[PDB]
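Below is one structure; the comments refer to it alone.
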2 protein chains.
Amino acid sequence: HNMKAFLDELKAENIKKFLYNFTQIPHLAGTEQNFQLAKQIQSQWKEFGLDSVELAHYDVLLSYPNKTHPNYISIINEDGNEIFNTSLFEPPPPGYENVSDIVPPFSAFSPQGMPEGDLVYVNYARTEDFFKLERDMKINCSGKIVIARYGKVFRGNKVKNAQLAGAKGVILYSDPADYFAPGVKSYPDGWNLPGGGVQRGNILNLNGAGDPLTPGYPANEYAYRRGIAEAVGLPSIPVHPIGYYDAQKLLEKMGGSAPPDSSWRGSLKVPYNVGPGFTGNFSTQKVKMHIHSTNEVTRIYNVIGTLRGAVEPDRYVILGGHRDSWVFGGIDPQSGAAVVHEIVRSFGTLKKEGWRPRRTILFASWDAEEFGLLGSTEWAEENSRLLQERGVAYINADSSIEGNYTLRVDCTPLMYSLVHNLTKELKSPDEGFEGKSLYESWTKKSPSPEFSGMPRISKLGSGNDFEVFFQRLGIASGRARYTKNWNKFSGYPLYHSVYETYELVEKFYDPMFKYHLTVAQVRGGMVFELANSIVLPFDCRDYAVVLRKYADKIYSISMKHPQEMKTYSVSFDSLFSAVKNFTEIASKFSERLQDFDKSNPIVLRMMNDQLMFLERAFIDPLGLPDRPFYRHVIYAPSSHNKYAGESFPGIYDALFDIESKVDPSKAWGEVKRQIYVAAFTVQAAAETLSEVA
Amino acid sequence: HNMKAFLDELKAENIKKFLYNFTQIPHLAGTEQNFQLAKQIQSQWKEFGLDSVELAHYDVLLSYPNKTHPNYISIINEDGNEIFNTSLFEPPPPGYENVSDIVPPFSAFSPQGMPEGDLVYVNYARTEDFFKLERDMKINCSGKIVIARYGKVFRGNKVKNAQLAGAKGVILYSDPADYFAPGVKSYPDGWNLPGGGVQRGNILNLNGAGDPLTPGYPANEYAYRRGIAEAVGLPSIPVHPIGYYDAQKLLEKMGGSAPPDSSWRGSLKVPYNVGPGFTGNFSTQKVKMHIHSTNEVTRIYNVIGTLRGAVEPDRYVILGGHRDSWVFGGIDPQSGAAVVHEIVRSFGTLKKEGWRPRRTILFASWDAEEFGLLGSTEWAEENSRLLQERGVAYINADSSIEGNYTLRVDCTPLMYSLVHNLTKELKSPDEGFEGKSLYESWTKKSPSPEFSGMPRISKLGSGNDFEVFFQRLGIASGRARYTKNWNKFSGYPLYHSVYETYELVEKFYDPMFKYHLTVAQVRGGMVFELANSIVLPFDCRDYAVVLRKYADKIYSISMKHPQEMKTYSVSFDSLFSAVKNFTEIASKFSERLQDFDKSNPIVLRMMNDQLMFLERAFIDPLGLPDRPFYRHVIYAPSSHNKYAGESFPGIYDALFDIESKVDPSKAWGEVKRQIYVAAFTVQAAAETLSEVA
RNA sequence: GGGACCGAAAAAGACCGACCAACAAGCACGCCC
RNA sequence: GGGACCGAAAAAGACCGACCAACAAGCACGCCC
Ligand SMILES: *[C@@H]1O[C@H](CO)[C@@H](O[C@@H]2O[C@H](CO)[C@@H](O[C@@H]3O[C@H](CO)[C@@H](O)[C@H](O[C@H]4O[C@H](CO)[C@@H](O)[C@H](O)[C@@H]4O)[C@@H]3O)[C@H](O)[C@H]2NC(C)=O)[C@H](O)[C@H]1NC(C)=O
Ligand SMILES: *[C@@H]1O[C@H](CO)[C@@H](O[C@@H]2O[C@H](CO)[C@@H](O[C@@H]3O[C@H](CO)[C@@H](O)[C@H](O[C@H]4O[C@H](CO)[C@@H](O)[C@H](O)[C@@H]4O)[C@@H]3O)[C@H](O)[C@H]2NC(C)=O)[C@H](O)[C@H]1NC(C)=O
Ligand SMILES: *[C@@H]1O[C@H](CO)[C@@H](O[C@@H]2O[C@H](CO)[C@@H](O[C@@H]3O[C@H](CO)[C@@H](O)[C@H](O)[C@@H]3O)[C@H](O)[C@H]2NC(C)=O)[C@H](O)[C@H]1NC(C)=O
Ligand SMILES: *[C@@H]1O[C@H](CO)[C@@H](O[C@@H]2O[C@H](CO)[C@@H](O[C@@H]3O[C@H](CO)[C@@H](O)[C@H](O)[C@@H]3O)[C@H](O)[C@H]2NC(C)=O)[C@H](O)[C@H]1NC(C)=O
Ligand SMILES: *[C@@H]1O[C@H](CO)[C@@H](O[C@@H]2O[C@H](CO)[C@@H](O[C@@H]3O[C@H](CO)[C@@H](O)[C@H](O)[C@@H]3O)[C@H](O)[C@H]2NC(C)=O)[C@H](O)[C@H]1NC(C)=O
Ligand SMILES: *[C@@H]1O[C@H](CO)[C@@H](O[C@@H]2O[C@H](CO)[C@@H](O[C@@H]3O[C@H](CO)[C@@H](O)[C@H](O)[C@@H]3O)[C@H](O)[C@H]2NC(C)=O)[C@H](O)[C@H]1NC(C)=O
Ligand SMILES: *[C@@H]1O[C@H](CO)[C@@H](O[C@@H]2O[C@H](CO)[C@@H](O[C@@H]3O[C@H](CO)[C@@H](O)[C@H](O)[C@@H]3O)[C@H](O)[C@H]2NC(C)=O)[C@H](O)[C@H]1NC(C)=O
Ligand SMILES: *[C@@H]1O[C@H](CO)[C@@H](O[C@@H]2O[C@H](CO)[C@@H](O[C@@H]3O[C@H](CO)[C@@H](O)[C@H](O)[C@@H]3O)[C@H](O)[C@H]2NC(C)=O)[C@H](O)[C@H]1NC(C)=O
Ligand SMILES: *[C@@H]1O[C@H](CO)[C@@H](O[C@@H]2O[C@H](CO)[C@@H](O)[C@H](O)[C@H]2NC(C)=O)[C@H](O)[C@H]1NC(C)=O
Ligand SMILES: *[C@@H]1O[C@H](CO)[C@@H](O[C@@H]2O[C@H](CO)[C@@H](O)[C@H](O)[C@H]2NC(C)=O)[C@H](O)[C@H]1NC(C)=O
Ligand SMILES: *[C@@H]1O[C@H](CO)[C@@H](O[C@@H]2O[C@H](CO)[C@@H](O)[C@H](O)[C@H]2NC(C)=O)[C@H](O)[C@H]1NC(C)=O
Ligand SMILES: *[C@@H]1O[C@H](CO)[C@@H](O[C@@H]2O[C@H](CO)[C@@H](O)[C@H](O)[C@H]2NC(C)=O)[C@H](O)[C@H]1NC(C)=O
Ligand SMILES: *[C@@H]1O[C@H](CO)[C@@H](O[C@@H]2O[C@H](CO)[C@@H](O)[C@H](O)[C@H]2NC(C)=O)[C@H](O)[C@H]1NC(C)=O
Ligand SMILES: *[C@@H]1O[C@H](CO)[C@@H](O[C@@H]2O[C@H](CO)[C@@H](O)[C@H](O)[C@H]2NC(C)=O)[C@H](O)[C@H]1NC(C)=O
Ligand SMILES: O=C(O)CC[C@H](CP(=O)(O)O)C(=O)O
Ligand SMILES: O=C(O)CC[C@H](CP(=O)(O)O)C(=O)O
Ligand SMILES: [Ca+2]
Ligand SMILES: [Ca+2]
Ligand SMILES: [Cl-]
Ligand SMILES: [Cl-]
Ligand SMILES: [Zn+2]
Ligand SMILES: [Zn+2]
Ligand SMILES: [Zn+2]
Ligand SMILES: [Zn+2]
């Protein structure tokens, strides 16, 4: 087996060295330091033995705090005395006190503002938290500064929900409930967030546009850019993140209504009152934000490496992950970048020996991912036609670890059998599973709710570089990392903090680098099999199985309004019919895939094209309603949470909060249109697996 | 040569028989007679030896006059006496007096109405005729019934221009200037239009949508249909066509301003006054329209025949033309349908002998073409994914003859060398070119203004079934017919009339059926070479050459406003750069295409894919501004004339009547955006011919 | 035969830039003499 | 230890239709006894 040779070349010691190398200085997007690391990686990928390695540059809107006018929040009395100020920077950790160019905590793409007003606590600032605030508790965030805890949903959605509720400011904070694991110590004595720690992060609502100034087209030297006024997904109110020390100061004086229930209570010793404003004596004190961050068009650099295929060089398997970090990127993304580096070194050594993959492999070091997947998206916009004609698969390589418990896999159903087979051939690195397969340890620790005796594999939404490839271009996509046990949908405590260091990983997450090595074997083994298997390792029958579940589910969600379904003759008959047809046609294609002569290079290429193009058949060039860059009809991010994936997203969005809609007849009409589009698309996808003539 | 064998099987006597067979009763879209002819063709294509022949049906909006409430126009006095009525039907021709189910003259998809008002003569009802009316002559069509002569532009554009000018009715008539050739006799004694003859035809503005009720998706059994109120491209005022006898009655009494110049004067003995209203005594007489036509969802039937390829069955060459007619379709479309039938019979005989084409050939008998390319477009919407993945080329087969002078070819630059080579190997059927090539007779009678010693090949716009394939899906497309000498952009006198018969073709156009045979050799030979050549016969260097002409042209058109170009820094630098790059890359790809080993089936398929997908690279999924179904960045129909093709249509539309625009800065900004999109698209297309890895 | 207007890129055709660092503007077909 | 509110499909998980011709609704984790 040529794969074992590849897997056995992968070394935890190499991953450890590369991780150390990538995490000693910050590599913020648009800074000289990240350009220097780009050039280092280009130079090393050549040395490692790639056929070519180019820098692809774009000029994209980034966001930076003003160094000589810092961002801070104040409690301010009616005399205008700033009696309490939030931190200007995170207290640096041991052996990082002398490190310059650490960007202070800030919300990227915040507008400028000095708004002052009454504080309203809005929990996680989810759609349902504003439904609870405004519909149930009759509280009105209009003209108020909202304070929200990080977690559950993408922070950009929180800011969007806040804007729609009339807020003039958003304060984001990390609550210990969400970012402090019980009975482990603050950094540097453990992996928990200290009270001065702050999660940086962008607050855009791009819905897959990439660079806000150049939607649809690469941000090249001659690009026509939108005015900032019509730029895509910019927030319209100021936003700033703080730690829980600073957050306790703002929250302790809160008056107005008590929290409705336990779902609104964090772990600080404060009442978690909703407001608006402060209790009793303090009622005439306000909160005032001071945001002077600037948006500016800055050059970014993707590293693109090529290992040309010996047989099908016009078929591309892509292994891509970002290089840019908020500070050191100890986990996010250098734990992924270090795995990609060792995978390149290892494919490189096989190349020097005189081995080549069947299909071309592309390796990508993406830039400006933290600013909204900007490097991956601009490159895909530049190369969309080649990618749609030639793209076999995309394997993501962000953070390798967010925990040390078990494997977490999100991929297209086309990769389910590949992932099952591979993890059965890999050793588990898990305590008490010595001599067992990764499949067994994974299936045991994370069983599928959907499939008895199978491991959980989740849906792809967005919030990483795979998005343009999968959701816009319909290229089969996969990601795998090590994760914690499920506190849930919050992340890891030290996410986007200065405390996210080399030492955090080495001391607390993966001292042996065995989890890193297992993830390198999963990502690398998947790339290997996609690039080298004679018949592409995609099982169309796994798509058939999940399409029936998604159809059962979307019917079930519509059935929340079963009287309306009757009034407006809402039928899923066409959708169930299409799924039944896909199942039958996939079954017959599978017979032909087993039977045919794989020595016939022309019949092989035909059947490989049918497999490669199956994911493309789910792409609608018109896109989903009000989201033209989300074109996959089976999968899209939640409108309300970029991180979360929905099945039959067109129907799902049409159904969401439908009982609120003023014109029932039109709203249910849109539901029936989306059933039509979905049934048509499933039948069309099925027909690509039919006999070609 | 296997092609000669195919060409020598084609027989003029067979085409004559089939033409007779297809033109004895009307075959209007949606009628039992056209269903019967569909089934006949399905049955004969099987007998001829196709591997399979299916009927593909759709339920589309068609339009019919009410049989028991006829359409007519009246001159009406202030007492409300209808003193003059227009014809209720065309006087039938000799030997057609006893023929039932001849649809009376009507404008398909006219709304219902009995509007009464003053007549304004608006010439051809072109954009420039309303600019002349409203800007120069200060005449105001608001609330007036407009009368317009057929010709120059698609009648649907005339109705659109009229609606935008505030007209409440449109009367279309055939002026002898445009539809009566000097010194030839009216049917049946010649090929000229008699004074009772009327051109039927649809008046939609679909801009490539297909069925008005189901834009983007096939009109299948479970389709969600728009309300008639939001249906695509329906006219909002009543419209009716009349002959020149009836038109003289309406035009003779016209008062108001004289015609501005000779360009407004037809050939009737009337003054061609503009109005509004009638002269002197007659000023209080009005015109009143009576339209009771109904729109209704009707089943239509495409015939789809397959000849599976022996080597690349997943590569499709399509030969398609419509079957539906306004009445007998003596020319339009049965002169084309009869050529397709003989091409099928001939491919069929080769199949029986045991020959197969390398690539699959699809044969299509399209329905409801006269109602807006509805059959071709719904089928393409159903099969868009297969067509984009597998479609090599589309050859149209509407009317084979509109004249007996020379060849007329409109195709992608990718087919220029194929067409040159083929016409050099075919005999000219032309008087005084006995023993010469069709290339020589054609080049002589129709020299290229663009290329010394080359024949004219024009651009594809719309107004036929190739549109969805080329303008929406980016499949390389071609058409060839015999045409008149250039009276121009009017058609042939008996177009869409009851007088367009078998006898018209047999007596006056092509008694020997030698023009039909030459067109069958061109269409059939092109299909043959596309389906059978080892290397696809596309020369990318012909695209390079024309892209430089189009760039020179669009620069030239922008330079009408050269001061504004400076004020707003409008530069074509990027566009010229992209074209220079395409030229260089196409030149190198051409070297590699000549050098490589064609015995390597995998290197051949790679290079054939690069050629096949080159046309697809010009497709923008976002579509052109305000025209989402026109996605080709190099070619689109004129916004003002569906029949006419524009190069760099995005830039062209942005520049059109720019000096009228209230915000110069925004309008010129859109021009710069379209330069950007065009340069990006040309560079992207060029890069698909680069080495793949 | 001669003359007058026009034909707003499907230019119908032919041809023609440094006191906007080569791609505007400007000689067949169909009321007067 | 027991109890109470909540967790609005990434359902966290398990399980459960003819006086809307099988796919609503309805038993782990984080003030009172
Ligand atoms: C993941 O792993 C699963 C489990 O192994 C795997 O499924 C299996 O794939 C193999 C390989 O195609 C299947 O093998 C075949 O079985 C059928 C009978 O059911 C045989 O007809 C096939 O015939 C062979 O004979 C040819 C003679 O010309 C040989 O040259 C040729 O190589 C064939 O081996 C063949 O034996 C097997 O049936 C399945 N098993 C199951 C339970 O499905 C799957 O392919 C892997 N998936 C991915 C995406 O990697
Ligand atoms: C339309 O017609 C034109 C005019 O014929 C045609 O262009 C020609 O195509 C041929 C076929 O490819 C070209 O032939 C080649 O010329 C180059 C030298 O310039 C040679 O290197 C090529 O080599 C051959 O040697 C191989 C040995 O392994 C042979 O096996 C192989 O078959 C090759 O023949 C070859 O001779 C020719 O140069 C051009 N001529 C011109 C003027 O361009 C064009 O291909 C046709 N286009 C379409 C779309 O049909
Ligand atoms: C991460 O690792 C890379 C790769 O080893 C380090 O960069 C490299 O550092 C080496 C050794 O110091 C450099 O070699 C030297 O360069 C200097 C100046 O050009 C020269 O005078 C010396 O004689 C020696 O040859 C090398 O330039 C450089 N390699 C690359 C590809 O950039 C990098 O500094 C490490 N980073 C951290 C933070 O540890
Ligand atoms: C929170 O931060 C703000 C801003 O840094 C602090 O308020 C500021 O305090 C400075 C220094 O005392 C004030 O400046 C002074 O102004 C007078 C002239 O008017 C000058 O002569 C003094 O010598 C002094 O420099 C400034 O007015 C004031 N600004 C604002 C907007 O409040 C605030 O004190 C901090 N709060 C805490 C609790 O630390
Ligand atoms: C899945 O595959 C099946 C089987 O090929 C498809 O079934 C077909 O469904 C349509 C109805 O949607 C049937 O079409 C016709 O409808 C008219 C209605 O007036 C009727 O007159 C015709 O006789 C015919 O019934 C068609 O018969 C039926 N075919 C079979 C064999 O059942 C189905 O539509 C596919 N699903 C999707 C979503 O495409
Ligand atoms: C155009 O040509 C077609 C093909 O020849 C004509 O239709 C066909 O007419 C033949 C000869 O009349 C039919 O054969 C006969 O059918 C009847 C009734 O089914 C049967 O009783 C006779 O013994 C004889 O077999 C044949 O059905 C039919 N073929 C097809 C494929 O439709 C058609 O009528 C011609 N149309 C015109 C307007 O000339
Ligand atoms: C143009 O066509 C219209 C409609 O066919 C003609 O006008 C119509 O003429 C009929 C027959 O004379 C009129 O009907 C009559 O009505 C009275 C009762 O009111 C009845 O007793 C008579 O016996 C007669 O049938 C009808 O009113 C009238 N309709 C309209 C809308 O005008 C018109 O005469 C035709 N014009 C020419 C020049 O042929
Ligand atoms: C057609 O192909 C040429 C040749 O590869 C492409 O040329 C490249 O054009 C860009 C400018 O648009 C140059 O990029 C860079 O711009 C920054 C500006 O700050 C500058 O700092 C860099 O040094 C660099 O000049 C690039 O140098 C240039 N390459 C060459 C070899 O001339 C051209 O863009 C392609 N055309 C299109 C439309 O893609
Ligand atoms: C960062 O903040 C500083 C200080 O407020 C800004 O510097 C000022 O710039 C404007 C000129 O545009 C001047 O009016 C002020 O006098 C400047 N002040 C100082 C101390 O230099 C600076 O422009 C900001 N940087 C940005 C917006 O990028
Ligand atoms: C929530 O409070 C806001 C802010 O006071 C209300 O908006 C205003 O309502 C008045 C009366 O209709 C308008 O005339 C003002 O223009 C609004 N003020 C601002 C600053 O926008 C809002 O109506 C309240 N919403 C609810 C649902 O009670
Ligand atoms: C690495 O793995 C260890 C061992 O599983 C994790 O520590 C345990 O966490 C559980 C509950 O999640 C506690 O009940 C135990 O007290 C811990 N076990 C031991 C042996 O200490 C640790 O949390 C993991 N590290 C990270 C960063 O996730
Ligand atoms: C065609 O026109 C006739 C005559 O005007 C229409 O027939 C009428 O239909 C309505 C019922 O919808 C009745 O009110 C009238 O009494 C009918 N008249 C006659 C003589 O039958 C017919 O509906 C029209 N056809 C259409 C619209 O398709
Ligand atoms: C052309 O005539 C129409 C119709 O009379 C004019 O439109 C009307 O103008 C008045 C005065 O502004 C409006 O109040 C009416 O509502 C219009 N009437 C209708 C029936 O629409 C129109 O303004 C004239 N256009 C020009 C450019 O002179
Ligand atoms: C078929 O071809 C004939 C011969 O070219 C066409 O008739 C001539 O038309 C020219 C001008 O266009 C006249 O000057 C001659 O009087 C005609 N020649 C002869 C020999 O009569 C005829 O128009 C063509 N038929 C059609 C339908 O286009
Ligand atoms: O903007 C996005 O889509 C996500 C960016 C980034 C993803 P990462 O933190 O890099 O996993 C974030 O969540 O802040
Ligand atoms: O609607 C169209 O695009 C054109 C239909 C038809 C084309 P044809 O007459 O069939 O050439 C017409 O012009 O009326
Ligand atoms: Ca972009
Ligand atoms: Ca449609
Ligand atoms: Cl990842
Ligand atoms: Cl045609
Ligand atoms: Zn990341
Ligand atoms: Zn991140
Ligand atoms: Zn036609
Ligand atoms: Zn027609």
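Numbers restart at 1 for each chain; the letters A, B, ... are given by sequence-line order, proteins then strands.
- Residue contacts for B:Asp175: at a heavy-atom cut-off of 4.0 Å it reaches no nucleic acid atom on any strand shown.
- At least one cation-pi condition fails for B:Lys459 and B:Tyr635: the charged atom is not both under 6.0 angstrom from the six-membered ring centre and inside a 45 degree cone around its axis.
- In this structure, CZ of B:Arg149 is placed 11 Å from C1' of C:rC6, rounded to the nearest angstrom.
- Spacing between atom CD of A:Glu646 and atom P of D:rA9 amounts to 8 Å, rounded to whole angstrom units.
- The residue B:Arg456 sits close only to the backbone: its heavy atoms come under 4.0 Å of sugar-phosphate atoms, none of a base.
- In this strand, D:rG7 does not stack onto D:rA8; the six-membered rings are not both under 5.5 Å apart and under 30° in angle.
- Between A:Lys152 and A:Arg126, the residue anchored closer to the 5' end of RNA chain D is A:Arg126, taking for each the nucleotide with the nearest heavy atom.
- Under the side-chain hydrogen bond (donor to acceptor under 3.5 Å, both in side chains) criterion, A:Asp175 pairs with A:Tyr173, A:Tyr272, not counting sequence neighbours.
- Partners of B:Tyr244 according to the side-chain hydrogen bond (donor to acceptor under 3.5 Å, both in side chains) rule, which considers only residues two or more places apart in sequence or in another chain, do not exist here.
- Scanning for salt bridge (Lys or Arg N to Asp or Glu O under 4.0 Å) contacts around A:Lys484 gives an empty result, with sequence neighbours left out.
- Neighbouring bases D:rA4 and D:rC5 form a stack, their six-membered ring centres lying under 5.5 angstrom apart with planes under 30 degrees.
- Taking the ring axis of B:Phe489 as reference, the NZ or CZ atom of B:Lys152 does not stay both within 45° of it and closer than 6.0 Å to the ring centre.
- Of the residues in residues 544-561 of chain A, not one comes within less than 4.0 Å of RNA chain C through any heavy atom.
- Rounding to whole angstrom units, NZ of residue B:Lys484 and P of C:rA10 are separated by 18 Å.
- Geometrically, A:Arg135 engages A:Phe131 in a cation-pi contact defined by less than 6.0 Å to the ring centre and at most 45° from the axis.
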(request) Treat a base pair as Watson-Crick or G-U wobble with both distances under 3.5 Å, then lay out RNA chain C in dot-bracket form, 5' to 3', with | for cross-strand pairs. (result) (((..((.....(.(..........)).)))))
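- Counting non-hydrogen atoms under 4.0 angstrom, B:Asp136 reaches a base of the nucleic acid.
- Listed by chain and residue number, A:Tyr121, A:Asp129, A:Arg149 satisfy the side-chain hydrogen bond (donor to acceptor under 3.5 Å, both in side chains) test with A:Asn123 (two or more places apart in sequence, or in another chain).
- For the residue pair B:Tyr652 / B:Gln674, no side-chain donor-acceptor distance below 3.5 Å is found, with atom types taken as modelled.
- Using a 4.0 Å heavy-atom distance criterion, B:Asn641 is classed as a base contact.
- The salt bridge (charged side-chain N to carboxylate O under 4.0 Å, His left out) pairs that include a residue from residues 569-580 of chain B are B:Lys580-B:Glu584, where partners are two or more places apart or lie in different chains.
- Annotation: of the two residues near RNA chain C, B:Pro260 and B:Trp486, the 5′-most nearest-nucleotide partner is B:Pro260.
- Stacking between B:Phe489 and the base of C:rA10 is present: ring centres sit under 5.5 Å apart and the planes differ by under 30 degrees.
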Indicate every side-chain donor-acceptor pair of residues 447-454 of chain A with a distance under 3.5 Å to a residue at least two apart or in another chain.
| residue | atom | partner | partner atom | Å |
| --- | --- | --- | --- | --- |
| A:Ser448 | OG | A:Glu450 | N | 3.2 |
| A:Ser448 | OG | A:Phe451 | N | 3.0 |

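- Stacking status of C:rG13 with C:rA14: stacked, per the base-ring test of centres under 5.5 Å and planes under 30°.
- Projected onto RNA chain C by closest heavy-atom contact, B:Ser263 and B:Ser267 fall at different nucleotides, the more 5' of which corresponds to B:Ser263.
- The residue among A:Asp261 and A:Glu450 whose nearest nucleotide of RNA chain D is located toward the 5' end is A:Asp261.
- If you take CD1 of B:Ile658 and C1' of C:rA9, they are 16 Å apart, rounded to a whole angstrom.
- Remark: A:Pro562, A:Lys566 in residues 562-572 of chain A come within less than 4.0 Å of RNA chain D through at least one heavy atom.
- Among the heavy atoms of the strands, none lies under 4.0 Å from B:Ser458.
- The interatomic distance linking B:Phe576 (CZ) with C:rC20 (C1') rounds to 12 Å, in whole Å.
- Distance, B:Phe451 CZ to C:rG13 P: 13 Å, rounded to whole Å.
- OP1 or OP2 of D:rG30 has not a single side-chain nitrogen or oxygen of A:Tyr179 nearer than 4.0 Å.
- In terms of the salt bridge (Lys or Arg N to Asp or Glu O under 4.0 Å) criterion, B:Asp410 has no residue partners (sequence neighbours excluded).
- The side-chain hydrogen bond (donor to acceptor under 3.5 Å, both in side chains) test applied to A:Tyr555 returns no partner, not counting sequence neighbours.
- Checked against D:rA10, C:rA8, D:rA12, the side chain of B:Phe131 finds its nearest nucleotide in C:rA8.
- Closest to the B:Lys459 side chain, of the nucleotides C:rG7, D:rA10, C:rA10, is C:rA10.
- Applying the salt bridge (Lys or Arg N to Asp or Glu O under 4.0 Å) rule to B:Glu402 yields the partners B:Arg408, B:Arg481; only residues at least two apart in sequence or on another chain are considered.
- With a 4.5 Å cut-off on side-chain heavy atoms, B:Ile651 and B:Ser558 do not count as touching.
- Taking the side chain of A:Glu128 as heavy atoms from C-beta on, and the options D:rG30, D:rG7, C:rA8, the nearest nucleotide is D:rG7.
- Counting to the nearest Å, the P atom of D:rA24 and the CG atom of A:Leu655 are 13 Å from each other.
- Applying the 90° criterion around 0 to the glycosidic angle, D:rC23 comes out syn.
- Base stacking of C:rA28 on C:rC29: present (ring centres under 5.5 Å, plane angle under 30°).
- Taking atom CZ of residue A:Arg265 and atom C1' of nucleotide D:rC29, one finds them 17 Å apart after rounding to whole Å.
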